[PDB]
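>
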Amino acid sequence: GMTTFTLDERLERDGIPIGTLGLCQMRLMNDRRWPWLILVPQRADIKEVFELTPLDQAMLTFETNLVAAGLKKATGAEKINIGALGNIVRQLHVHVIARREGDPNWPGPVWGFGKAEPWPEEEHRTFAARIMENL
Amino acid sequence: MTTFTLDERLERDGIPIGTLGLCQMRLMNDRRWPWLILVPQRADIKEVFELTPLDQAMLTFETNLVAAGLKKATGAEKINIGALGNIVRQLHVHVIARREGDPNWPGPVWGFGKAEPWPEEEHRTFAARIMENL
């Protein structure tokens, strides 16, 4: 069950915890160049989205989409990018990223682009609050 | 009836291979990675959350059905799924077969290098194989 679920150490390291939904832990990717969240469904040994039970796939869909709408509202973003890649970290996690023309590497992907710029402490606390107020 | 029309660039860049309930399926004309797009057949949708909730659930079911089928078809180590839409605003979901050693592994296919078109016979064969495995 969910209470014994272990977050992957690299997601632990690279992401700041900002809360849990029902199925998914939410983390703010520690790269302030784009407002970037990850959703980590708290099921053991899941690598592909299709490995989730049907109901968990549904839960993830709507948690993802609630967060995407919320992120867009909180940032004033032109476009959300959603991604389940996992070439690096195999534990299933869904990227939900706020984008706009002129942001770094627009219109290309955030993934693998340049060097992460970490969030100042207080600024990510304020932003986490802002996300939670907009979900 | 729908006024949905496939964006001209997705038409040009993708080779149709079939249709499910919600989504049309195209094979991105870039043989470097086995790369599909699912285009939900709903008028003027940009974000996943602009679909009705039933369509959102359907998009996930179809995306995951295709992801499972593409893995089987390709022996992929990993499937990558992306709904980006910075270049083509029309909602479409990329579903991509990956493996160690493939071009730009482990990074993204999007924006990497120059597309290598599929030979005619090869994409026909590959399309049948995807459809067999869904």
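Chains as they are written, first to last, in the entry's author numbering: chain A, 0 to 134; chain B, 1 to 134.
The C-beta atom is built at its ideal place from N, Cα and C for all residues, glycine as well.
#1: Please report the distance separating the alpha-carbon of residue 109 of chain A from that of residue 103 of chain A.
#2: Using a beta-carbon distance below 8 Å, is residue 47 of chain B in contact with chain A?
#3: When you compare the CB positions of residue 48 of chain B and residue 29 of chain A, do they come within less than 8 Å of one another, or not?
#4: Between the alpha carbons of residue 79 of chain B and residue 46 of chain A, how many angstroms are there, rounded?
#5: With a threshold of 16 other CB atoms inside 10 Å of the CB of residue 40 of chain B, please say whether the residue is buried or exposed.
#6: Ignoring anything shorter than 3 residues or poking outside the region 67-109 of chain A, list the beta strand (DSSP E) runs there in chain order.
#7: Do residue 81 of chain B and residue 68 of chain A have their C-beta atoms within less than 8 Å of each other?
#8: Which partner residues of residue 35 of chain B appear in the DSSP bridge assignment?
#9: Per DSSP, what kind of secondary structure is residue 5 of chain B in: helix, strand or coil?
#10: According to DSSP, is residue 63 of chain B helix, strand or coil?
#11: Hey, how far is the Cα of residue 133 of chain B from the Cα of residue 70 of chain B?
#12: How about the region 119-133 of chain A and the region 6-21 of chain A: do they share at least three Cβ pairs that are nearer than 8 Å?
#13: Given a threshold of 16 other Cβ atoms within 10 Å of its Cβ, counted over all protein chains shown, does residue 9 of chain A qualify as buried or as exposed?
#14: Would you kindly work out how many angstroms separate the C-alpha atoms of residue 136 of chain B and residue 115 of chain B, rounded to a whole number?
Looking at the atomic coordinates:
#1: Rounded to the nearest angstrom, the two C-alpha atoms are 8 Å apart.
#2: Using a CB distance cut-off of 8 Å, residue 47 of chain B counts as an interface residue toward chain A.
#3: Their beta carbons are not under 8 Å apart, which means residue 48 of chain B does not touch residue 29 of chain A by this criterion.
#4: Their Cα atoms are separated by approximately 9 Å.
#5: That one is buried.
#6: For the region 67-109 of chain A, whole beta strand (DSSP E) runs of length 3 or above, ordered along the chain, are 78-83, 93-98.
#7: Cβ distance not < 8 Å, so residue 81 of chain B and residue 68 of chain A don't count as in contact.
#8: Its beta-bridge partners are B/96.
#9: DSSP places residue 5 of chain B in coil when its eight states are reduced to three.
#10: It is helical.
#11: Cα to Cα, residue 133 of chain B sits roughly 7 Å from residue 70 of chain B.
#12: Cβ pair count under 8 Å is three or more, so yes.
#13: Residue environment analysis places residue 9 of chain A among the exposed positions, since fewer than 16 neighbouring C-beta atoms fall within 10 angstroms of its C-beta.
#14: Outside the shown range of chain B (1 to 134) lies residue 136 of chain B, about which nothing can therefore be said.
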